[PDB]
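Quick note: the entry's author numbering has the sequence shown finishing at residue 93, numbered continuously throughout.
Working notes, beginning with the structure itself.
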Amino acid sequence: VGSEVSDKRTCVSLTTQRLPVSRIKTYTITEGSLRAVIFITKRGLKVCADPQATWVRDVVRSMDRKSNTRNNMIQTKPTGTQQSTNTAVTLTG
Numbered sequence: 001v002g003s004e005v006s007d008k009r010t011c012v013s014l015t016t017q018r019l020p021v022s023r024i025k026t027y028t029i030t031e032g033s034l035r036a037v038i039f040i041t042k043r044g045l046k047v048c049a050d051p052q053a054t055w056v057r058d059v060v061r062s063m064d065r066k067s068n069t070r071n072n073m074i075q076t077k078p079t080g081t082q083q084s085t086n087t088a089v090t091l092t093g
């Protein structure tokens, strides 16, 4: 009827809704216990699906092209640190 988490982050079930890539924007596939394919739509609705589906793998292939130059064709440059060394050796005598 009404309450919190009406959409959630991940999704609800696994597939069950073959959405057209045209209706999808970007996708996210995990390797962890999740190991699920997340499909994000231009509407902001993200759903998960099993990568065991060929139709999914097929759509995933396109999805890349759909969000080839939009998904995140960038990689910020974080900071690190630095290092150095010294020596000391003079002729003998």
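Positions of the beta carbon are idealized from the N, C-alpha and C atoms, including for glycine.
Got a sec, what are the start and stop residues for the alpha helix (DSSP H) residue 54 sits in?
From DSSP, the alpha helix (DSSP H) with residue 54 extends over 54 to 66.
With 16 as the cutoff for other CB atoms within 10 Å, does residue 12 come out buried or exposed?
Taking a 10 Å sphere around the C-beta of residue 12, we find fewer than 16 other C-beta atoms and assign the residue as exposed.
Residue 89: buried (16+ other C-beta within 10 angstroms of its C-beta) or exposed?
Counting other Cβ atoms within 10 Å of its Cβ, residue 89 stays below 16 and is therefore classed as exposed.
Determine whether the beta carbon atoms of residue 102 and residue 24 lie at a separation below 9 Å.
Any answer about residue 102 is impossible in this case: the structure gives the chain only from 1 up to 93.
Output yes or no for whether 9 Å exceeds the beta carbon distance between residue 84 and residue 27.
Remark: C-beta atoms of residue 84 and residue 27 do not approach each other more closely than 9 Å.
Please name the residue or residues paired with residue 37 in a DSSP beta bridge.
Bridge partners of residue 37: 29 and 49.
Report the partner residues of residue 24 according to the DSSP bridge assignment.
Partner(s): 41.
Is the CB-CB distance between residue 19 and residue 36 below 9 Å?
Against a cut-off of 9 Å, the Cβ pair of residue 36 and residue 19 comes out as no contact.
Reference residue 45; option with closest CA among 65, 59, 52 and 17:
Check the Cα spacing between residue 45 and each of 65, 59, 52 and 17: the tightest is with 17.
For residue 73, does the count of other Cβ atoms within 10 angstroms reach 16, so buried, or fall short, so exposed?
With fewer than 16 other CB atoms across the displayed protein chains lying within 10 angstroms of its CB, residue 73 is exposed.
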